[PDB]
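To start, the structure under review is shown below, and the notes come after it.
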Amino acid sequence: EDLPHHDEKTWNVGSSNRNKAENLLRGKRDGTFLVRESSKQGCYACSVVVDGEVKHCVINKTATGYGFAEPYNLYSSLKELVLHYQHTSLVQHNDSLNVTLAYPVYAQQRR
């Protein structure tokens with residue numbers, strides 16, 4: 001089946017203010033996340049909701065950046081980065097971030 005991850009609108013909301021992201025991250029079950037910027041900076045960050053609390057994950061934009069570089073993921077594009085975290089549980093980095101980028105914050109829900 002087509003994966004909503006292909007469309008940035010499903011997870012990308014644009015340069016929305018972080019406070020507005022809280023509303024988007026507020027009322028969303030764990031697993032639902034969105035992609036935005038650190039605000040006025042050219043950096044990117046994926047914010048997700050965890051069964052425990054809402055957190056803001058930062059994404060890097062460098063040949064070896066993209067965010068995670070210890071695993072040598074070498075993401076070819078940001079689209080793969082969103083899907084890769086879908087299968088990887090954030091639990092790492094505190095062992096308490098048990099969540100994956102499996103649900104988009106703006107799923108079209110065509111049917």
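As shown in the structure tokens, the chain order sets the letters A, B, ...; within each chain, residues go from 1, and ligands are also counted from 1 in the order they appear.
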
Handout entry: Selection: 10 Å around residue A:18, only C-alpha atoms, excl. self and same-chain fewer than 4 positions, as a list in words
Key = residues 22, 23, 24, 25, 36, 37, 38, 39, 47 and 56 of chain A

Exercise for the section: Would you please give, as a PyMOL selection string, all residues of stretch 6-109 of chain A that DSSP assigns to alpha helix (DSSP H) based on the backbone? Expected result: chain A and resi 8-11+18-25+78-87

Problem - For residue A:87: contacts at 8 Å, only C-alpha atoms, fewer than 2 positions along chain excluded, given as JSON, numbers by chain - result: {"A": [83, 84, 85, 89, 100, 101, 102]}

Handout entry: Distance in Å - atom CA of residue A:45 versus atom CA of residue A:57
Key = 5.5 Å

Problem - Distance in Å - atom CA of residue A:55 versus atom CA of residue A:106 - result: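 Atom CA of residue A:106 lies 17.7 Å from atom CA of residue A:55.
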
Completion exercise
For residue A:58, the closest of A:80, A:34, A:104, A:1 counting only C-alpha atoms is A:34

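Atom to atom, atom CA of residue A:50 and atom CA of residue A:9 stand 20.9 Å apart.
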
Exercise for the section: Name all residues at most 10 Å from residue A:52 (count only C-alpha atoms; drop same-chain ones fewer than 5 positions away) and give them as a count of residues only. Expected result: 6

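Closest approach to residue A:10 among A:95, A:66, A:82, A:27 is made by A:82 (distances from only C-alpha atoms).
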
Exercise for the section: Rank nothing, just name the residue among A:63, A:15, A:90, A:81 nearest to residue A:48, using only C-alpha atoms. Expected result: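 Checking each of A:63, A:15, A:90, A:81 against residue A:48, counting only C-alpha atoms, the winner is A:90.
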